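Here the structure comes first, spelled out in structure tokens, and everything after it is commentary.
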Amino acid sequence: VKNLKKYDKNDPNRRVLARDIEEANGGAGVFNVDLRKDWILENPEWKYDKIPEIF
Amino acid sequence: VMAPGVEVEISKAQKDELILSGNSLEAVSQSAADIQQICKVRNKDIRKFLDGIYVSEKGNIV
Amino acid sequence: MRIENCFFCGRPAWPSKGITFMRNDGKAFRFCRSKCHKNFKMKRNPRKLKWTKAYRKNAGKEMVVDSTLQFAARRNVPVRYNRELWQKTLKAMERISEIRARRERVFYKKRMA
Amino acid sequence: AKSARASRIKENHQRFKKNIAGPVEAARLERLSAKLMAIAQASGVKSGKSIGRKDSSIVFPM
Amino acid sequence: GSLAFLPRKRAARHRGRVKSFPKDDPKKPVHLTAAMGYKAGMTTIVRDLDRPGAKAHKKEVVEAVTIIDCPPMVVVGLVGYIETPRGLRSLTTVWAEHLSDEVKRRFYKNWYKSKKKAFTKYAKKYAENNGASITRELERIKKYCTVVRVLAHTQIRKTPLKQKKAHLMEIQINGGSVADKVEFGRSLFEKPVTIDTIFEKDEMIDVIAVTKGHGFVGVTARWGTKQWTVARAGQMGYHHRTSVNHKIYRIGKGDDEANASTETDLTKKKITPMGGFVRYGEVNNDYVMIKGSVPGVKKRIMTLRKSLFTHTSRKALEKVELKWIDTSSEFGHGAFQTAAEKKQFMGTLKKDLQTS
Amino acid sequence: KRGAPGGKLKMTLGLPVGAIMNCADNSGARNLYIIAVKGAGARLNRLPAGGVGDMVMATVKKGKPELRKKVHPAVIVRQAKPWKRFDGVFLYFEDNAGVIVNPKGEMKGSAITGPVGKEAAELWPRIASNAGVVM
Amino acid sequence: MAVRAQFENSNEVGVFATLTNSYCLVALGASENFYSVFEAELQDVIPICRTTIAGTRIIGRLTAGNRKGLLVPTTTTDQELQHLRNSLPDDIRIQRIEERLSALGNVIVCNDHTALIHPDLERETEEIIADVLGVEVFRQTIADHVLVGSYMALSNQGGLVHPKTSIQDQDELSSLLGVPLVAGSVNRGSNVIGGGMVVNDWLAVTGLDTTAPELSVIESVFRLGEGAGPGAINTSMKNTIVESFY
RNA sequence: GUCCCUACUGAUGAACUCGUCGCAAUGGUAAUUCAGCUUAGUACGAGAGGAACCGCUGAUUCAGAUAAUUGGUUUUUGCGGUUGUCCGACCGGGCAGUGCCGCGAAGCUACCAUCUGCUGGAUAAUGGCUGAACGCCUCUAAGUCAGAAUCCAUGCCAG
Ligand SMILES: [Zn+2]
């Protein structure tokens, strides 16, 4: 936190930010969020896998 | 969409200005009118909101 | 998703099937059929009605002490996703199901001895 | 509320048709027609090349 | 009621007709417009919804879906129409050779006592060097027609129905020159065409059917009350309807043996409910699984056709991730997906000991 | 601003106009008498009705005399008539119950006795904050 | 630092957010404005999880936890639980509790050393909280309001309490906790502090209707921003508080 | 203190050999309002306050269907309990115009349940382009551009 840089909307090389990501990839009612993008598993390829629920 | 035979350019002589030239005066003028009509304010104040595309000069290329 | 169990009779309660009763004390009452709901509303004892798992367990019509039933229970502590873990779990579920079938066959044989 | 037959609503529908559904349905049709093609390819008078005659009224009988 | 569904009359035909195919342009690839199927029933599912902007976004929702038994249809003909100042006119039709007994039953009304003599001379026209005349008919279609349709019939003897008479209809070919469409149909002669070949998953379609009859019913139910504008008593039900925008959620292959299995439910089970569809039976063929309610009773003939207009909604551009399909009994309050699950839940029984 | 909630999905309405319900907060009111609902569409001979999460107008039939003085707005919290939630779950409560709220959506009381409807908690943040059991 | 934000158009950020010293939970809905302000304030220092519990957006009033653990009601589904587990590092322990008062964010306030609970919680829930959160659990009613999670917000630097709390009770709570406490309001006169504000040791998010005097009180008591200091309220800002909230 | 013809609404139908697949003259014609999200605490504003176009998601009414689920309905007189009387008693049953009660499939229903409701052209008020009448000027006289939930049609029902 003390090693961070304060966010400002005018700096050229600012942080990307999810607002900018959704504005680039559609809008507020069109962007589809990937809920598994931040999944921290053991093997990174196990993301986007259909976990069985009923057998 | 301009009529066939009318060329429109962003000319670098003055700022925020657009040149619309051609051979058919009717087509040129109608294209200018179409742009001016497409950019018109609604439900605002005419005396306070003063933005749009307007015909500034009329004449000949040569 | 999840497979629920009927509060009254214990049959598998699948999505859409049944009515859920929310009592004012804060506990939820999930039923699998209108039969179960109406029995609960007329306040009969599932421990007395003979077509219920409560009655059958009370009267010892089913096996209740076995590792094949200790292996499955509700989990309140999540485990991090692991493909080997889920696949091996599925195979273990198959093994457990057939072992349970054989044990229940033996139990009902012993009851009908 | 804008009517379902409003001109602005029709124009918005036209844009949506032309910029999303167009490409999506084009790809879908390409795949489907590929499958159709897979299943499908799974003297003039005396030969039929010259299309001749097989075997109330508009005019008054004379 | 609505003055748009009047003269409130019984449907003139049981099959139900398309009445409009989507407009055709040569730039698209060659394809067929419509298909046929038989209503088997309807069931319950759970879909992981991805509707950005909805409160059920990234949530599981329970939906009702209608199941249509769709055995592959057989192409047996090709019809060519011309444009005239009075409309479209069927210039000529050329059939296939070796027609089936079911389509010949369609042609006949008392099939049992009849000498089954339909299209025999036409087959002789193929075989006895009148193929010149047949090619002449094909070339007439090539050089004079503007729209081409293909004659196709269903397979009752695969559908679990007491009926034996099939159903013919013309499916319009779109996307190409008339020559390309003629070659396509001629090559499609004597070949089965599948529903996964005509449609596919995620696609909204239009369903043409005859909604169920209820006989002479008064105004209270006929219109919904407390000159043609005044509510009158008469026939209510058995009405031709074209219902639009129904999402195709799944196409099951019939021979898959795991039609009802999803990537979430690892149960090797098929679409047919435990005990069979009530009043219908089992679905052993290709089946179409579509959202919502659809006109028609069980085992009724149904027409499935492509949308007339390119879609304007995000519900038509969405993927459908299925979680599970209900296979419990429709004959009562069923709670078991499979007989194996029922046996495992209830244990072994007295008749089990007596038989074993 | 009319107290019509936004984004609410369809549910079966269980409390019509002229309906007596319990009061779930410690505001001192015991029962409420729904006389009007917000967002209703006037069609001939139909009595308007409201479901869990709808704002209504009610007169306190019994309770605190300060509250038995004016027509108060109220968000209805519990519904005895069964309704379906989009997860396919049909459910109902033991009684019909609501809480006194201002037109902005803020409660006069400080606590809610009994459980709260999930739709009401989602629709009104203050009820979600003053609720103890949410199902 | 103290920032003002709105979830969708609502000033109650505590209903839709849960901020701790090792993770942040954000309600999922429509746009990414709320997640984005939280991310711009926490640029990947700690994970942020877009989560739903029981198909609701009230995750802030439904979940309680600190940097050592997270507790969710029994109504939480296995999918949501697994989402939380995959999103959060293994150094945080997540559990579902079978409490009748399923409004966990309303019945529990917890800093990283102590927790204060609704007096009618079950004993088993008490040991579960004391074990998972790793805190000393005390039962108390704040300003005679039995929902501590709704009527008080706590951090390891301080704690802001219902505006109508007695001085004796405030002193007793301060002694029992170990941090400074101040009686203040959020969102221009709102008493629901927990529902209108989320705070950790270095970040607070309030509603957009939070006035300047009360935002300065928040920054001061929670030591957010330069010097801060709970004492400055009693020295530098008295005139402001007396003139504004007379 | 004076059951008939016809209109309308549906249903059959002779002759054109029976049948299958079609076309479409003409007639009918359908959707409606609100809200929420983003735009945006933005434009605008001293302050207090505070929009809109595109894009997205729901709800009211209306219309047409449908029954997976969930209620209701029971002559399934299907099963069980129970009152009075009777068949000598048990068992098994009759009678009480369906004795009474509980559950109850199937069918039927229900904005008490669920699904679906679609696009081109030409216009009015009006705003324009070129340009006479009238050596200025002028949207009009010749010519022409846009534009309303309007008009005519497609989609839809009948044939
Ligand atoms: Zn049950």
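Letters A, B, ... are given to chains in the order of the sequence lines, protein chains preceding strands, and every chain is numbered from 1. We use all heavy atoms of the structure for the numbers below, so side chains are in, but hydrogens, waters and symmetry mates are not.
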Using a heavy-atom cut-off of 4.0 Å across all strands, would you classify [X] as base, sugar-phosphate, or nothing?
X      : result
D:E11  : sugar-phosphate
E:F309 : base
E:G296 : sugar-phosphate
E:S243 : nothing
F:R2   : nothing
F:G88  : nothing
B:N43  : nothing
C:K41  : nothing

Give a yes/no on whether any side-chain N or O of [X] is located under 4.0 angstrom from OP1 or OP2 of [N].
X      : N      : result
E:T84  : H:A24  : no
E:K315 : H:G58  : yes
F:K10  : H:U60  : yes
C:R44  : H:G81  : no
E:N245 : H:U116 : no
D:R5   : H:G117 : no
C:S34  : H:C103 : no
E:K109 : H:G19  : no
D:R8   : H:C54  : yes
E:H333 : H:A105 : yes
E:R15  : H:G22  : yes
E:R89  : H:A24  : no
B:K40  : H:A146 : no
G:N9   : H:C37  : yes

Below 30° counts as parallel, above 60° as perpendicular, anything between as tilted: where do the rings of [X] and [Y] land?
X     : Y     : answer
G:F34 : G:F7  : perpendicular
C:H37 : F:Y92 : perpendicular
C:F40 : C:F31 : tilted

Could you tell me whether the side chains of G:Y35 and A:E22 share a donor-acceptor contact shorter than 3.5 Å?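 Result is no, nothing qualifies.
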
Choosing from [options], which nucleotide comes nearest the side chain of [X]?
X      : options                : result
E:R279 : H:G107, H:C103, H:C115 : H:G107
E:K19  : H:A51, H:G22, H:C156   : H:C156
E:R8   : H:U69, H:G120, H:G10   : H:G10
D:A6   : H:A149, H:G155, H:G28  : H:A149
E:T312 : H:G107, H:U66, H:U119  : H:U119
B:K48  : H:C44, H:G120, H:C23   : H:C44

Can you tell me whether the side chain of [X] and the base of [N] have a donor-acceptor pair closer than 3.5 Å?
X      : N     : result
E:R314 : H:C56 : no
F:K8   : H:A35 : no
E:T43  : H:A68 : no
C:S16  : H:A68 : no
E:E170 : H:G22 : no
G:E8   : H:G36 : no

Both G:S31 and E:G332 contact RNA chain H. Taking the nearest nucleotide for each, which residue is further toward the 5' end?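 Looking at RNA chain H, the more 5' nearest nucleotide goes with G:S31.
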
Please tell me which of F:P82 and E:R222 maps to the more 5' nucleotide of RNA chain H, matching each residue to the nucleotide holding its nearest heavy atom.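 In this pair, the answer is E:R222.
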
To the nearest Å, how far apart are [X] [atom1] and [N] [atom2]?
X      : N      : atom1 : atom2 : value
E:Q235 : H:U9   : CD    : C1'   : 12 Å
E:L308 : H:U154 : CG    : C1'   : 10 Å
B:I35  : H:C145 : CD1   : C1'   : 14 Å
E:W228 : H:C157 : CH2   : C1'   : 12 Å
E:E102 : H:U20  : CD    : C1'   : 15 Å
G:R188 : H:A48  : CZ    : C1'   : 10 Å
G:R57  : H:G36  : CZ    : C1'   : 10 Å
C:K43  : H:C103 : NZ    : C1'   : 18 Å

When you compare [N] with [M], how far apart are their [atom1] atoms, in angstrom units rounded to a whole number?
N      : M      : atom1 : result
H:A148 : H:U130 : P     : 24 Å
H:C137 : H:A133 : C1'   : 11 Å
H:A30  : H:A153 : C1'   : 15 Å
H:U76  : H:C111 : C1'   : 32 Å
H:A124 : H:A149 : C1'   : 14 Å
H:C34  : H:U42  : P     : 28 Å
H:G147 : H:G127 : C1'   : 8 Å
H:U32  : H:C8   : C1'   : 30 Å

If you take all heavy atoms of E:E330 and E:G276, which pair is closest and at what distance? OE1-O, 4.2 Å

Shortest non-hydrogen contact from C:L49 to C:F8?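 Heavy-atom minimum between the residues: CD1-CE2, 3.3 Å.
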
Among E:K247, E:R305, E:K19, E:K306, find the residue that satisfies the salt bridge (charged side-chain N to carboxylate O under 4.0 Å, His left out) test when tested with E:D206. E:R305

Electrostatic pair E:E318:E:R51 at N-O distance under 4.0 angstrom: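 Counted as a salt bridge, because a side-chain N and a carboxylate O are separated by less than 4.0 Å.
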
Quick one: stems for RNA chain H, with Watson-Crick or G-U pairs under 3.5 Å, at least three in a row?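 Output for stems: H:26-28 with H:156-158, H:33-37 with H:55-59, H:62-66 with H:113-117, H:70-73 with H:107-110, H:78-82 with H:99-103, H:83-87 with H:92-96, H:119-122 with H:150-153, H:126-129 with H:143-146.
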
